[PDB]
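Trainee: Enclosed are the sequence and the experimentally obtained structure.
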Amino acid sequence: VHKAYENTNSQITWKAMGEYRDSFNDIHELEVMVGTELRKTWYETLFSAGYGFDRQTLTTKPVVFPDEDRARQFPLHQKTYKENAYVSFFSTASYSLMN
Amino acid sequence: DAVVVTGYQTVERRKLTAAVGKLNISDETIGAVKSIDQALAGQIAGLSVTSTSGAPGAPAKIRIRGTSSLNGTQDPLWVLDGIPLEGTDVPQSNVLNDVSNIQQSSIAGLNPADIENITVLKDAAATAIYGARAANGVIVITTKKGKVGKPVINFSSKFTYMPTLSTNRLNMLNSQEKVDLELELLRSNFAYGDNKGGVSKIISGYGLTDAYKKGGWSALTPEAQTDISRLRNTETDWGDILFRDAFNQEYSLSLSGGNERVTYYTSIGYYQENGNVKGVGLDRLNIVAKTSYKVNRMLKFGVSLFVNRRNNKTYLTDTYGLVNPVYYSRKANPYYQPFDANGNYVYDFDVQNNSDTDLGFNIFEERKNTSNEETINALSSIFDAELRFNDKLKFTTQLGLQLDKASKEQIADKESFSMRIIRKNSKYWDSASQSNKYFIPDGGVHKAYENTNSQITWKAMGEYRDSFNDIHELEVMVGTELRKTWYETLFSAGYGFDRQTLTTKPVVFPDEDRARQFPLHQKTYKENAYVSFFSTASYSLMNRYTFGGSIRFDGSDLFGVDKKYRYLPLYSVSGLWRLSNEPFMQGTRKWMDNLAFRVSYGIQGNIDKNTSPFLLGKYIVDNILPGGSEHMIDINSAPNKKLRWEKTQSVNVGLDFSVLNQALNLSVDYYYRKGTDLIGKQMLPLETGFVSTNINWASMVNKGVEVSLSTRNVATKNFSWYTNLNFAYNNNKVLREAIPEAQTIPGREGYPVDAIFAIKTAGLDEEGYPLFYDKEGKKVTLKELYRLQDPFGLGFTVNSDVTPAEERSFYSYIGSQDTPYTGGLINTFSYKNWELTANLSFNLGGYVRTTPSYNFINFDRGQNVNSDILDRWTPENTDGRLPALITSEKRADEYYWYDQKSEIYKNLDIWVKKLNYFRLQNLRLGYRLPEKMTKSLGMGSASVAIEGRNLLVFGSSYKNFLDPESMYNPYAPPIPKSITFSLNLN
Amino acid sequence: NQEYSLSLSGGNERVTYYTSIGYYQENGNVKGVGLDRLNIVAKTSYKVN
Amino acid sequence: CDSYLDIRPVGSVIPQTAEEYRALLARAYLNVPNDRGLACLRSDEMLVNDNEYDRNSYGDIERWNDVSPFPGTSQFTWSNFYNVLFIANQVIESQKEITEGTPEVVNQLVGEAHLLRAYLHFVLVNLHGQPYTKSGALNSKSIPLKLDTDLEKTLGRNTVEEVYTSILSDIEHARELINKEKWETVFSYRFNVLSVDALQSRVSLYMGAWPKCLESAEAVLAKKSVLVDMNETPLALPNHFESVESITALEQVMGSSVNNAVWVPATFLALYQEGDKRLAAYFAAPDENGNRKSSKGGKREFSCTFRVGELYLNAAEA
């Protein structure tokens, strides 16, 4: 038996934020950040099984499952795909007084 | 410049004893190309670049000094920063539809915006340092580098408009003449397929198929006449349904620089390129990160990283391309509307080249229900270390790691023609039911391909440079190289697939052969290793006589273990004589800057990677006595312990000549390269144990002239004009090759690799059949030519005593598919801030065997046809020049001889056409913004450009085809014209 | 087991650069179990204005 | 950075182990041509049937029609002989490279290859070479000796003395290398020490070297001399592979097509005098013309290369 698994995990993240930092009367300090983030993730899996496989010859043999129930415990080809997307808007504030 | 990069050394121009062609890369030189293999067309003399397909990402077939092998590697070797690249070979097959799925070379991953120079090594004196990878030439890629000083940043943005593909050159029938042709065929006795068509179905649905044949148009009821009139009045634009105009994008941001110890370079580049066929697209995003540090006055370490990701979307077609939209633009009926009045699908049942209408094809349905998507992840990392042991002695080591991973995914839903053909091909005879069933489950198919191409290379060379008595100079290099390559592929298919549920269904194959016909899981693994030891020497005397030489011992697991051939040198001896520096010629120095004569000799090598020196066999079960199951091995391929590289003996004579302060430069090279021991199939003596096998026995020759002339026509403070003419003629000829005894077409021995042999015809007789020529030069028929005999009189029982060796004399040599004369002319004008570059290319002297516009025995009336079917011979039109549609009524013997030998009609000289085309490869007008305006914007420089690619093609006529490079393969899109607007900022 | 690492770095008033190449080979206590890793890092920060 | 040049391709069976080379040599054994039946068709013990198809193939061989045969006639298999010779030479050259095998197994494989090569050369020089005992036939070129696996050379015909010297050398090599005493009945086509001695006896008999022929025949008889007694089992064929007399059952001398197309001429049967059980055991029911068919071949279980009766005859002649 020769079983091949191929799992790809991809992600794209994009952050964009802005900071404003000010000092008032030499005793107040203000720091305000406002930003956003768009993220996206993909996870793909492929599985391929070949029975009757000869290691030197790389040749397999056909399989005759009795029914579909017995074809799921000995799978020959499986594909899974999962894609998600996230959108976030964040902000932080800080105020320091007399240190 | 003043130096040449050969991938191993840096050779001064004044000490260059080899044929080398350089091309500096910029927007003003190559244009807005997206692959660098496509920017070399007509820019280097002796380097012929041809387009295999017009689809995005299609590799270009490149030949340096002609074809150097028969059954081995024929593509050049690409060297990136001293490390040779892998996966650059162009896969060549027979099936014309394979261009639909041709793999992209790794060259498509290198951004031309990250490359400074392209150096092509042509002759033995330049290529022999590459050992057994030199017979096909070497193209050395020099990538851009950080320049010492303040950081430099570039932001190029190119926007391309691709005009729609106009099928007006296809010369196809509209509804009127198509319906007229169908009616006239229904009247006549030509009945190969009479169930097919649009008129035939309409007439036969009312039971008038026999009344029409006897009476004609009047014999039809008005119910059957209004339908035919509606067919005549229905016109469909298949160049609008299938093809589109496109807006392509490209962006590149390159920031570099350096200081006294570290030089750095970074670049990002993303482009989106659409195809002229709807649904075809290709994205490429790449990153380049170079940085070189000087550890000490002796040590110097650099790291270069190239990361690439390409994404291809395209259409799914059958094995034989009945769906192919480019070819379907020639099959779609003019009166067939894909949608009915209610918007429902209308299926095309005439899509099969056979007489069976059961599988319907709708282009919209296939586009919606099918997909072919590939993703390529590529990486190339080069770590180069250098140790300056002495002022004279230096050492260099270099490690290059390359990895390409292609993941392909083809999905065909249940309601699509691509699945219909699969299910139909799954037809088997059920023994227990006395019927025909299909073993492929009812559902879609999901096919997955995973190809991996890996390479690791390690080079280590020591260079010595000394000068004695101020007139002697000696340069010696010694080095070694270990290189290992892996190519692993995996294929997996699942039938019964549902697109959303992602669930397949079990398949019960009746036999093992039918299981091989539909593979479900395949693995392939190739691994090779190469060990090379090379050396190079050069001696320059009085700055006037340079004598160079090189040697390279190559070993690999693809060669035999025979000690007689194990490590044989691959050498070269070169020589340069600068006639301009001679004391007796110093009088002619007020106008002559250079006159150098260079000669070269050497032996190159080629590796046939599809041949193995091992005993490849197969396991069988048999026995020599009753009972018992002995496991036996049957030899598939003979073990060849004397397997070795295909030798190539090259002699090159050169001449360089510059006058009037570089006002006129001329580089002429005459080359003669005779190849021996080319790996090919030979009919062995019976005492060798085998009838025939692949050994090193064939022969070949190439010879010709490369001329490169560069001129500065006008040199004025405001207006400057430069001309660059590259010309190359190659005379290819096969000297010794073997053909099967059953083969009826002549062999190429004495003719080029792509020789075209065709049966010369004298025209037609009074009945419209082709007329041939006998040995005496008189016009004969097929019956006289082949001496057909029909004793039984049944017609289909014909036979001929003409032996294949005599049938080979019917064909005559026409020409060669590869054009002997190739080259280009580049004109550069500069007027103040304006800069206009016009790069034109020519490929002259070729021939192409085009598919017949119609078959005179197998004409399918259910599909459209070219406008020359109306110039065929007809009883009512006896002045036609093309053969008439023949039947078995008049001459059964000739008809059945034509039928059972389909190559006679395909190989007629009327289907072979000249191939001489000039193409305006590039026409770019650029404007450099004034310095004050750029300074006002804070930019060091700025520029705009408007550019036209493939705007003009002229020369020999290419009628019924969309392009002269598209005259051979109907399944490949033509080279698309484009208009690019580019903005560059610094 | 054997691990190697080469970290080259530096910078100047406008551009700062970092590079690293590492390779380790490790074996498990169970025969036939092993794991190798080749790592490359390339960072460059430019001060455009 | 990685290179050794020792890589075996994956995707096809490349013989490296002793079992794989045994499979290769077994395939060589299977493809041994049975051209001695066609050669004896040239003799006086065979008569082709009066049919047309059965005579258009074997008629010209029987008539000694060397010049202008019918193009449809049967042809001697040069190709099969030299293909089996190639496989034997490949097995011989692959010694010191056979993996996963006991030295007593690798040595037996190489000895079997040597003896098979010697036997094939002997049969070829017998078919297409002048007899060793003929005057002026010692220096005459007969067949090209295949002693390597080279595919890029053309072999010239070797003289009969050279061929027989090579045969004797290969017999000596097989004697030094073969170490199996007796194989299984189902795998009895392979060569053993008795096969070496029997082949040496037959070779020396054909050369006329009576001393060595007698020595080898007596060695075989001392090691094995049990025969099949015809008087206790009338239908006991001595050449049957399961009989106690067969030493090697390599080649089925009589093919199905040739055996189905010939009779035994009445003269040869008349040579059998009254009281011979071979008369009623070898052949079938008499035909009206007086020529019987045969039952000693035509099927795979009648394969016989050496047997003890031939050794008795060789010993008596020497």
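Mentor: Right, received. Where do you want to start? Residues are numbered from 1 along each chain as shown, chains lettered A, B, ... in the order given.

Trainee: you'd agree residue D:258 is in a helix?
Mentor: Yes - assigned with DSSP: H, G, I helix; E, B strand; the rest coil, residue D:258 falls within a helix.

Trainee: For residue A:82, see how far away the closest residue in space to it that isn't next to it in sequence is.
Mentor: Counting by Cβ to Cβ, 6 or more residues apart in numbering or on different chains, residue D:258 lies nearest to residue D:37, which is 5.2 Å off, once chain neighbours are set aside. The way it works is simple: take the backbone N, C-alpha and C, and place the C-beta from them, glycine included. Using Cβ to Cβ, to the nearest Å, residue D:37 is found at 72 Å from residue A:82.

Trainee: In terms of neighbours, single out the busier of the two.
Mentor: Using other Cβ atoms under 10 Å in any protein chain shown as the criterion, residue D:37 and residue A:82 rank with residue D:37 on top: 21 against 10.

Trainee: Now the more buried one. Its backbone dihedrals?
Mentor: As for residue D:37, its main-chain torsions (degrees, to the nearest 10) stand at phi -60, psi -40.

Trainee: Count the residues that sit near whichever residue of the stretch 1-150 of chain D sits closest to chain A.
Mentor: The stretch 1-150 of chain D approaches chain A most closely through residue D:11 (5.2 Å), counting by Cβ to the nearest Cβ. Residue D:11 has 16 neighbours, counted by other Cβ under 10 Å.

Trainee: I'd say it and residue B:524 touch.
Mentor: Yes - in this structure residue D:11 lies within contact range of residue B:524 using Cβ atoms under 8 Å: 7.1 Å.

Trainee: Give me the common contacts of those two.
Mentor: residue A:58 (Cβ atoms under 8 Å, 6 or more residues apart in numbering or on different chains).

Trainee: In three-state terms, how would the residue in chain A positioned nearest to chain C be classified?
Mentor: As assessed by Cβ to the nearest Cβ, chain C sits closest to residue A:55 within chain A, at 16.1 Å. Secondary structure, three-state DSSP: residue A:55 is coil.

Trainee: In contact with it, which residues?
Mentor: Counting by Cβ under 8 Å, 6+ apart, residue A:55 has contacts residue D:10.

Trainee: If we ignore the residues flanking it in sequence, what's nearest residue A:62?
Mentor: residue B:515 (4.2 Å).

Trainee: State the distance from that neighbour to residue A:19.
Mentor: From residue B:515 to residue A:19 the distance is 65 Å (Cβ to Cβ).

Trainee: Hmm, residue A:3 and residue A:51 touching each other?
Mentor: No - checked against Cβ under 8 Å, the pair residue A:51 and residue A:3 is beyond contact range at 9.6 Å.

Trainee: returning to what we had before: what residues does the spatially closest residue to the residue of the stretch 1-150 of chain D closest to chain A that is not a sequence neighbour make contact with?
Mentor: Nearest non-adjacent residue to residue D:11, counting by Cβ to Cβ, 6+ apart: residue A:58, 5.2 Å away. Residue A:58 makes contacts with B:522, B:523, B:524, B:525, D:10, D:11, as judged by Cβ under 8 Å, 6+ apart.

Trainee: which residue lies farthest from the center of chain A?
Mentor: Here chain A reaches farthest from its C-alpha mean at residue A:25, the gap being 47.8 Å by Cα atoms, centre = their mean.

Trainee: So what does it have for phi and psi?
Mentor: Torsion angles, degrees, to the nearest 10, at residue A:25: phi 60, psi 20.

Trainee: packing partners for the helix or strand residue D:263 falls within?
Mentor: Secondary structure from DSSP states H and E places residue D:263 in strand D:262-263. Packing partners of strand D:262-263 (3 or more Cβ pairs under 8 Å, 6 or more residues apart in numbering or on different chains; DSSP states H and E): strand D:47-48.

Trainee: Return the list of helices and strands in contact with the strand it packs on.
Mentor: Applying 3+ Cβ pairs under 8 Å, 6+ apart, we find strand D:47-48 packed against helix D:53-62, strand D:262-263.

Trainee: does the residue of chain D found nearest chain C sit in a helix, a strand or a coil?
Mentor: At 10.7 Å from chain C, residue D:1 is the closest residue in chain D, using Cβ to the nearest Cβ. In three-state terms, and counting by three-state DSSP, residue D:1 is coil.

Trainee: residues of the strand or helix carrying residue D:311 that come out buried?
Mentor: In the assignment (DSSP H and E), residue D:311 maps to helix D:308-317. By 16 or more other Cβ atoms under 10 Å in any protein chain shown, the buried positions in helix D:308-317 come out as D:308, D:310, D:311, D:312, D:314, D:315.

Trainee: How about stretch D:179-191?
Mentor: D:180, D:183, D:186, D:187, D:188, D:189, D:190, D:191.

Trainee: before we move on, back to that, and among the helices and strands packed on strand D:47-48, the most buried is which?
Mentor: strand D:262-263 (a mean of 22; mean count of other Cβ atoms under 10 Å in any protein chain shown).

Trainee: Just after that one, pick out the following helix or strand.
Mentor: helix D:266-271.

Trainee: to the chain's geometric centre, what's the distance from that next one?
Mentor: 26 Å (Cα atoms, centre = their mean, to the nearest Å).

Trainee: Need the residues that contact it.
Mentor: Contacts of helix D:266-271 (Cβ under 8 Å, 6+ apart): D:44, D:45, D:279, D:283, D:289, D:290, D:291, D:292.
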